[PDB]
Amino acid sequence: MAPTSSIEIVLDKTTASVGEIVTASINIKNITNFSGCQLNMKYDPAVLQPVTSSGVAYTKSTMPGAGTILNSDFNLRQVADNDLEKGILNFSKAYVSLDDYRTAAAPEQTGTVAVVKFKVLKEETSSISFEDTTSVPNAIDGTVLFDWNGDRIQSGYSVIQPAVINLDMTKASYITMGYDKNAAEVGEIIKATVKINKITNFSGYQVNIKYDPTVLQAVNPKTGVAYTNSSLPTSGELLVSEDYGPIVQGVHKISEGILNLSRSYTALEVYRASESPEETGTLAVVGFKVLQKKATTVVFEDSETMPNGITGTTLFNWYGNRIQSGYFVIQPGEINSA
């Protein structure tokens, strides 16, 4: 299930100086009967410039470079309509000879669908993400994947993003997850810790986390006892001062591999009066028991229950204001990579 089935933007380097090239590979994994896609990619056009006839700036009609799938003889349709002023790449890449593709019975479910090279114009931490555009509609975070019947794939995959270039792990403002280990055998528990860095006047969080319940089981990270749909996470370093009235709740859908966790201080005036904000530290620990040893991941993922969420995350300051910008969501790595 998702996020084992995914589309992701993967950079070949995570730091690059001005004038250097960063290669963004658009990779899919385990997309059943995949035949094609339409993707709307957003970047900051003050920071990055898409390039290549190896070296030449894209124009309006420039297609991304070829990847490792969608190169076969099933009548590939390709169109691009890029807005270089706004920093939007929009392209379609799909097989049209679907009857023949089906009959071939060898679907291209995993690989690189396209490559976009970016030249760095400015020293500035910056992200690349697929984003909804009104000229879609019903994309999933700017992504439309098609199966070999020509039907849109409407569920069952995660959009793993943003891809971030030139992030300073000490200085940047972000939320992320870390693992105590990124490989583990069947029956072992991986401890996944939600944590933040430099979030100004932070007072609480809500996060929506997606895992593949056929590969990992949500459990208490010490005891191994399975989470139910109301299980609390184990507390971390932050939001544990009793004086500020923390409240915590979990509302999950374990059969679908969805956790939703929230913890906030409530006595915000008392907290503000301390003049000692909690801005960097761990928020929550969840356990993941390995059911099968195969490559998977855990991700922050948007929820229809969090329409104002930023890739499945909401952070509040100590006036109860949603922090709407100025931090990155940093997805954790792969678990049990091959």
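Residue indices: 1-based, along the sequence shown.
Mean CA temperature factor is higher for 70-78 when stretches 196-204 and 70-78 are set side by side in the entry. Of the two stretches examined, 133-141 and 175-183, the record assigns the greater average C-alpha temperature factor to 133-141. The PDB entry assigns its highest CA temperature factor, among 59, 40, 27, 280, to 59. Across 253, 119, 122, 222, the greatest Cα temperature factor reported in the deposited entry is at 222.
Per the PDB record, residue ranking by Cα B-factor puts residue 304 in the highest third of the chain. For residue 295, the recorded CA B-factor ranks within the highest third of the chain. Only modelled residues enter the ranking. Looking at the C-alpha B-factors along this chain, the one for residue 317 belongs to the lowest third. Residue 213: CA B factor in the middle third of modelled residues in this chain (values from the PDB entry). Placement of the Cα temperature factor of residue 65 within the chain: middle third of the modelled residues, per the deposited record.
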